[PDB]
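Fold and contact review
Now for the letters of each chain:
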Amino acid sequence: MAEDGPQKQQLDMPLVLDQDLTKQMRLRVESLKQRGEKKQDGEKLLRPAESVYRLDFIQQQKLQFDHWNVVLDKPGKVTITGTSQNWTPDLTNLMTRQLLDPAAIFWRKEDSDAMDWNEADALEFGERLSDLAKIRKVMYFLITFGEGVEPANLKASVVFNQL
């Protein structure tokens, strides 16, 4: 019974990129080449356009996913690929066929202020995220920067309904 006015409160979680963390992985690969490792069983090569985003689930369940909204300073294209809470690139070698369901694609055109994305592929990953999220207070997402996006000009804000 809120007396202020707003009946249902709302809370948005700003996911933030981790470009510096991406550079740290590259340094480890450079050290490996000095002694070589013959990693031909499955070399893990990330693209300089891959940054790691981190999300902190502050509430155990009062939070609810309403509508993810990603904002870019300029139009363009970005690919978000999800990973099993177990297949981690640092603990496992990045494999293309061992990826779970395909990655969702979000893109904003110049005459469009709204981005069009695959709701069907994203919707399936929505409910799956609803569980693994209640058990893990933090989750990392991989994003790819296309052409026309400056390094840190990416901001990801998702609106959630707090009960």
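A word on the pairing of strand 5 (residues 104–108)
Where burial is concerned, the two faces of strand 5 differ: the one with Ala104, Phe106 and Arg108 is buried and the one with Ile105 and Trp107 is not. The pairing of strand 4 (residues 76–81) with strand 5 spans 5 bridges and is antiparallel. Looking at the pairing, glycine 76 lines up with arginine 108 of strand 5. The pairing of strand 5 with strand 6 (residues 116–117) spans 2 bridges and is antiparallel. Paired with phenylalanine 106 across the strands is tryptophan 117, a residue of strand 6.

Structural notes on the sheet that holds strand 4
Across the sheet, 5 strands lie side by side as 2-7-4-5-6; this open sheet has antiparallel pairing. Edge positions in the open sheet fall to strand 2 (50–56) and strand 6, since each of these has one partner strand only. By the bridge criterion, 7 bridges tie strand 2 to strand 7 (residues 138–145) in an arrangement that is antiparallel. In the strand pairing of strand 7, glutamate 50 is matched with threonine 144.

A word on the pairing of strand 8 (residues 154–162)
Looking at chain direction, strand 1 (residues 9–15) and strand 8 are connected through 7 bridges and run antiparallel. Among the inter-strand pairings, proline 14 is bridged to a residue of strand 8, identified as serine 157.

Regarding the pattern of salt bridges
Overall, the coordinates contain 1 salt bridge when judged by the stated rule. A salt bridge links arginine 28 to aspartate 90, with the shortest nitrogen-to-oxygen separation between them at 3.8 Å. Remark: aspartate 90 occurs in the loop between strand 4 and strand 5 and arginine 28 occurs in helix 1 (residues 19–35); sequence separation between them is 62 residues. Using a relative accessible area of 49% as the deciding quantity, one classes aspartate 90 as partly exposed.

Comments concerning the environment of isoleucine 80
Note that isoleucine 80 resides in strand 4. Of the residues examined, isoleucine 80 reaches a relative accessible area of 22% and is grouped as partly exposed. In sequence terms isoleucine 80 and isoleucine 143 are 63 residues apart; their C-alpha atoms lie 4.6 Å from each other. Apart from the residues within four sequence positions on either side, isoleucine 80 is in contact with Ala103, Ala104, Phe106, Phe141, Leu142 and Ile143.

Section: the packing of aromatic side chains
Evaluated as defined, the whole model comprises 1 aromatic pair. Centroid distance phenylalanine 106 to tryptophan 117: 6.0 Å. Interplanar angle 20°. Geometry classified as stacked. Of this pair, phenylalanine 106 sits in strand 5 while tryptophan 117 sits in strand 6, and the two are 11 residues apart along the sequence.

A look at the sheet that holds strand 8
Consider a sheet: its strands pair through backbone hydrogen bonds, and that pairing is either parallel or antiparallel. An order of 1-8-3 is seen for the 3 strands of this open sheet, with the pairing classed as antiparallel. The open sheet is flanked by strand 1 and strand 3 (65–72), the only strands paired with a single partner. Each strand of the sheet is rotated relative to its neighbour by a mean of 20°, with strand direction disregarded. As judged from the 7 bridges shared by strand 3 and strand 8, these two strands associate in the antiparallel manner. Looking at the pairing, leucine 72 lines up with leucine 154 of strand 8.

What counts and how
Residues numbered from 1 in each chain as written, not as in the entry; some residues may be left out. Heavy atoms only, no water. Buried < 20%, exposed > 50% of the residue type's maximum accessible area, 1.4 Å probe, protein only. Helix = DSSP H or I, 4+ residues; strand = E, 2+ residues; numbered from the N terminus. Pairing = 2+ DSSP bridges. Salt bridge = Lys/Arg side-chain N within 4 Å of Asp/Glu carboxyl O. Contact = heavy atoms within 4.5 Å. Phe/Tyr/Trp six-rings, centres within 6.5 Å; stacked < 30°, edge-to-face > 60°. Axes fitted to C-alpha atoms, helices over the stretch in contact; angles between N-to-C directions.

All quantities given are derived from atomic positions and should not be read as evidence of function.
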